[PDB]
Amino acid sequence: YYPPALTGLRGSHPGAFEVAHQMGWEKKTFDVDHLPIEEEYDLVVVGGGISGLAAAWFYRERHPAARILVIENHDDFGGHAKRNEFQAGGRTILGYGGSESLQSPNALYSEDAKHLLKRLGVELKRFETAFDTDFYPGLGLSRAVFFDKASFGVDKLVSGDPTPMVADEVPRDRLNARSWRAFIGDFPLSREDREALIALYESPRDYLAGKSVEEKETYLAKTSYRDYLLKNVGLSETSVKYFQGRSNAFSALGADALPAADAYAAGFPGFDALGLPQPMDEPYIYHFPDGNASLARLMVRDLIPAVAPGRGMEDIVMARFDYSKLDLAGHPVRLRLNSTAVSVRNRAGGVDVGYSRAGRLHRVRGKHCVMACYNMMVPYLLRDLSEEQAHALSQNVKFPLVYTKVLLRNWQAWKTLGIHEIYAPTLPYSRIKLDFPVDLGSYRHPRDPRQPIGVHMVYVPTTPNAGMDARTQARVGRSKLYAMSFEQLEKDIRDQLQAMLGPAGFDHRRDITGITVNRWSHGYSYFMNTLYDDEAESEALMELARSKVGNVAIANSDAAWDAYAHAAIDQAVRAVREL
């Protein structure tokens, strides 16, 4: 039993969601109050992502003798933080299934989050040498933009992209980029379109001239980035398609759904002459080879020492995890996989929890409970919620995303084209890249273009320019993914890689040796969007949603309306203190 070596349809895989949807879609209830209580714990945690694991860890720090049960519906622990493995050339190649890197941790990680990192042996400075920052730039590789036939008349890859991005691992002086005029000059757009794009960068003007600074901020909060480019900068409908998908990977929405103020904060072009006040700079290098799955693995090994030997950040990378040790009776911490919580109820100074596993209901009991699952799931579980609080929890509509890992036999085609990363403005996969090169522990990142390498590509099922709000794009994105077979997902992967790399000799039937699709149908937590949400009413809803209910506290990154691992930790810490 070893989920990380499984390929194919992963993420929220078949088997993980069916009981959840029986509750969510069919409104079936699974009451367990006529079943005998089978086990008792000090703490029961619903949900085995980073938030739930942190809740267990901080609970145990406060109560060293505590008996803790973690209930998790997927076949692996970690929630969005998942380890993916490939076997190639007799060596393991690691990928991350979801939760990707520690985001600007020097600036954003709270005291408690840094305390967890220290106790687990994670030294942030180690990544200043573990991350091979100059590997790809030193090979002369650059980022590129792929324009597709269907939207631009021709397939064309344009390299040398100088576009600075929010979470950038490449030092600016090492982008191997070209001037805006040279770069944009190769775009397969009309001469007029190209000269307006170049002017955007070479001749910024105050597109909101006359307005005060406060009026500009108000306008930009209620205007989408796409409408600002269209109505105020004056770009054509064809020119703005270049910007449609740029924000998909980081925000799970396109330029039609992001306020122009948020594009400004993320360094998008078009604001340089508006006279706006100061708001991206921390190097994006805090990346284990399996992403933030290493954080989950570090906590699990620390909470359940029998699952794996070693201590510290180095030996976790290749540590062998024995999943049969996760849920042993008598062990004070038990992690119960493949299990959907269906009921949570305060009773007699404690909490009764029902869960379903392999089609059968079970009842356990805790002194305390932390609900670290998707917040939208809580109203279907927590029988004590007021109607007001249940409605608030349901307002956190999460964003769907797909992280796909592809094993290439070699990456000579990437070398030939001079690229390590591609942006595709109007294709399903908007970001395709050679994986981050990290050496940590005994793991060595692939180096030889003649030999296998992992590729990472992000697909966000947006519905741009439709007049939808963000919650509706998210829901509709999930219906689209629900309609797609694995075979359909694989055809998109293969078709796009063939069209982008094919001119340099790539043959997808021969050069792809592995595919892992991490389908995160419920991905990023919702976040307050000033195009569609009132800030004061959103703050109130968020605060109400996560209010403690007896001895049941609410966590997950969802509870912060903030899709980050440090939010997951901070929300768990708040949940544990409330108990």
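Position 1 is the first residue in the sequence shown; the rest follow in order.
Chemist: Zero if continuous, otherwise a range: how many residues of the deposited sequence are missing coordinates between residue 279 and residue 280 (none, 1 to 3, 4 to 9, 10 or more)?
Modeler: Gap between residue 279 and residue 280: 4 to 9 residues without coordinates.
Chemist: In the PDB record, does 65-73 or 24-32 carry the higher mean Cα temperature factor?
Modeler: Per the deposited B-factors, the answer is 24-32.
Chemist: According to the deposited model, is the average Cα temperature factor higher in 205-213 or in 449-457?
Modeler: Averaged over C-alpha atoms, the B-factors run higher in 205-213.
Chemist: In terms of CA temperature factor as recorded, identify the highest of 500, 145, 196, 432.
Modeler: Comparing C-alpha B-factors across 500, 145, 196, 432, the maximum falls on 196.
Chemist: Between 415, 149, 83, 383, let me know which has the highest C-alpha B-factor in the entry?
Modeler: Checking the PDB record, the top C-alpha B-factor among 415, 149, 83, 383 is at 149.
Chemist: Split into thirds by Cα B-factor across the chain's modelled residues, where does residue 302 land: lowest, middle or highest?
Modeler: Ranked within chain, residue 302 CA B lands in the lowest tercile.
Chemist: By the recorded C-alpha temperature factor, relative to the other modelled residues in its chain, which third is residue 352 in?
Modeler: Within its chain, residue 352 is a lowest-third residue by C-alpha B-factor, going by the deposited values.
Chemist: Residue 510's Cα B-factor: lowest, middle or highest third of the chain?
Modeler: Residue 510: CA B-factor falls in the highest third of its chain.
Chemist: Select lowest, middle or highest to describe the third in which the CA B-factor of residue 493 falls within its chain in this entry.
Modeler: For residue 493, whose C-alpha B-factor we compare with every modelled residue in the chain, the answer is the middle third.
Chemist: Would you mind checking where the Cα B-factor of residue 421 ranks among the modelled residues of its chain, as the lowest, middle or highest third?
Modeler: Answer is lowest: the recorded C-alpha B-factor places it there.
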